[PDB]
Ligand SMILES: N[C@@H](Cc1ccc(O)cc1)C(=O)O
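Listed next as structure tokens is one chain, alone, in the form deposited without this ligand.
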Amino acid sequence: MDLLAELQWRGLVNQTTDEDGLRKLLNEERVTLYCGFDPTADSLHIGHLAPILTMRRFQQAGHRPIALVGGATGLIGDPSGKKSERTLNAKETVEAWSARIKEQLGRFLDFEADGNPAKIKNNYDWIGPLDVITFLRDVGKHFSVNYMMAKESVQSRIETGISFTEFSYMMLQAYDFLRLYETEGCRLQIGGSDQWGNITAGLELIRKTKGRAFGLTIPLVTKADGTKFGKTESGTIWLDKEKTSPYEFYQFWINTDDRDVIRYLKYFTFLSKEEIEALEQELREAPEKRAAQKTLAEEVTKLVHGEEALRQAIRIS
């Protein structure tokens, strides 16, 4: 209702399986929602911040968030939003990376709240021990090849090529939704823009096994210049302060172009509408001051690295 209307105002809603049904439920109950993150490196990066902070926004509105670490799926790899087939990482690598990722995820969520404390989960726990036969029959019988080929992630790649490995990924994410729906009462899954297919797949699996749940995706973060958000000359802006120092993290945000600053304040910060609007007017009247840019920089660096870290960044600058 108002949480959903607020996300809408911010521009954090790309798509939704059924807006009125979801608004209704959000308004009448504490909703268990989840978001999955696959270890594809030893650190999350700014590409993960929207979904993460969006979880947080759901938690502040009184809902319970589940952060899912892709221990199993990080061993398969999602073709979604990838133009090319990826190389398989080793179990040891993935296993090591999941541990770190778990740690950065935990920073953004509340574990102390009673009623809606978060959970951090690892899909290795239920996918790890699943036998192929069980998988093919219990999950696979539910999907026609025709349904799966039509998926943006696959359609996007058949000429380019895609192994059966990545083609099947969707079944696994599908399965995660079902298991979370069953063991945790999870009724909503959220993700970036590219996850629509995988989410709806989870919904198809639930529908076909139970005969209730929703999906919501966040839009790709845009730049007015038409370049790739987070694509720096420096390379990725990581959330690990040992990969990207708080100083560099801070600078990155301080250099937001006047054209993007207001969209990023809405996306990445907890400033109200009235605070954000006021900054918009300050951006119009005094754009050499860079008030929108410092506010973003401070807000986001505090979120991710904390105040002390922010303090240093500021004094280093």
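Numbering starts at 1 and follows the sequence shown.
Unmodelled deposited residues between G211 and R212: 1 to 3, per the record. The deposited model assigns a higher average Cα B-factor to 292-300 than to the other stretch when 5-13 and 292-300 are compared.
Of the two stretches examined, 159-167 and 71-79, the record assigns the greater average C-alpha temperature factor to 159-167. In this entry, the residue among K102, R107, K228, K151 with the greatest C-alpha B factor is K228. Across the options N123, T236, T93, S144, the residue with the most elevated CA B-factor in the record is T236.
When all modelled residues of the chain are sorted by CA temperature factor, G115 is found within the highest third. Ranked by C-alpha B-factor against the other modelled residues of its chain, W97 falls in the lowest third. Among the modelled residues of the chain, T232 sits in the highest third by CA temperature factor in this PDB entry. Ranked against the other modelled residues of its chain, the C-alpha B-factor of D258 as given in the entry falls in the highest third.
Per-chain ranking of the deposited C-alpha B factor places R284 in the highest third.
Separately, the form solved in complex with this ligand exists; it is not shown, and the next lines address it.
Site annotation in the deposited bound form: the residue of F268, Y34, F249, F58 reaching within 4.5 Å of this ligand with a heavy atom is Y34.
Note on the partner interface in the deposited bound form: the residue among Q104, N122, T200, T73 having a heavy atom within 4.5 angstroms of this ligand is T73. Under a 4.5 angstroms non-hydrogen atom cutoff, this ligand in the deposited bound form lacks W97 among its neighbouring residues. The closest non-hydrogen atom of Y169 lies within 4.5 Å of this ligand in the deposited bound form. A residue is said to contact a partner when one of its heavy atoms sits within 4.5 Å of a partner heavy atom; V261 fails this definition for this ligand in the deposited bound form, lying far away.
Among heavy atoms of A67, none comes within 4.5 Å of this ligand in the deposited bound form. Contact with this ligand in the deposited bound form, judged as any non-hydrogen atom within 4.5 angstroms, is confined among 171-179, 83-91, 141-149, 233-241 to 171-179.
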